[PDB]
């Protein structure tokens, strides 16, 4: 249904956001390929990550997952049996592409299928480079579409130049070369998420990191690990921006992932002039982690573009909200080179936030967000089934004088169950904090 949302008198307390999706996926896949038991804490246990588990369980690996905790009794490649079942990818694009790399590594036959939606997402960009490595891959629309059949094994390294930049593709090819013979090299136009690169090293593998081109030597051995999964930045960002905007706020998000390739918001917040702080910075993967603390801030407009855009793409709608309370003008530029799935978000956020009373319009390559503007409520705003719009809108409502009806909150409860619960106990602690 809908949620009606009042304005917040304040936000205070500590919160653990649910663990990073990308890291949780990889923590599992890598543990399966490794020798000796891997354990996973802070595991994001959603449909996609549960799909990954199910897939490897069918490949023979003994995995026990109990809420946020996972234990993977890996025995290396030598203990992955040929599946007598179809591997069901569910809704996970991550699982599909990375496991396509891994299955090309294996000297047996496998079939991949997922749901309605995954059968419209093109896979050709990944099957082609893998056929090049010596992998027999056929499927719907000549291997472009689900379902896909795969026999791998005796695989050969490859240098590979790529036109479009994509982290999932990279990760597939890297995992495939992990059991190949010789140099396997990936090259892209943009730099992009390094989770595969980082986590591999924490498992006991060496990668190249050469400028714009990453490479791997097969065949190295993966060992069992103890993986503490960092919080998802994308989920933290909702609270960070709330903490910044909402009067009388002081929020501490613990164990948040700080991977420079995804923590672009943390740079935006800082340059806008947020009272932001990091604490206890570590490297738990692989991945850098910190405890973020924000409190009510006086913000300023900031021009955002270039190499920053690729590193904060999920935080565009929430930054749109944040900019509403910043003095002067903020600009998003170089969004022209974004998927229609993201160009649509921008367009709706623009109109949703306008319904809420802000000065904001769409541009050729992003949006301009103008002035500090008090948001007025007494209106319905829709999440359009996109959890990122719902959530951003949800926190935008915390500033609105008069009630705001956010509809389509179903999509939020799917992705991030306790979003409103966490929000509610920040409002409770702040009300319990004002006493005589």
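Residue numbers count along the first chain shown, from 1.
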query	finding
Higher-scoring stretch by recorded Cα B factor average, 331-339 or 230-238	331-339
Mean Cα B-factor comparison, 43-51 or 376-384, giving the higher one as deposited	376-384
Residue of maximum C-alpha B factor among 110, 261, 271, 162, per deposited coordinates	162
Candidate residues 311, 250, 183, 97, the one whose C-alpha B factor the record puts highest	183
Entry-reported Cα temperature factor of residue 22, expressed as the chain third it lands in	lowest
Ranked C-alpha temperature factor of residue 246 among modelled chain residues, by third	lowest
Position of residue 267 among the chain's modelled residues by C-alpha B-factor, lowest, middle or highest third	lowest
Chain-wide C-alpha B factor ranking for residue 296, given as lowest, middle or highest third	lowest
Chain third (lowest, middle, highest) by recorded CA B-factor, residue given as residue 62	middle
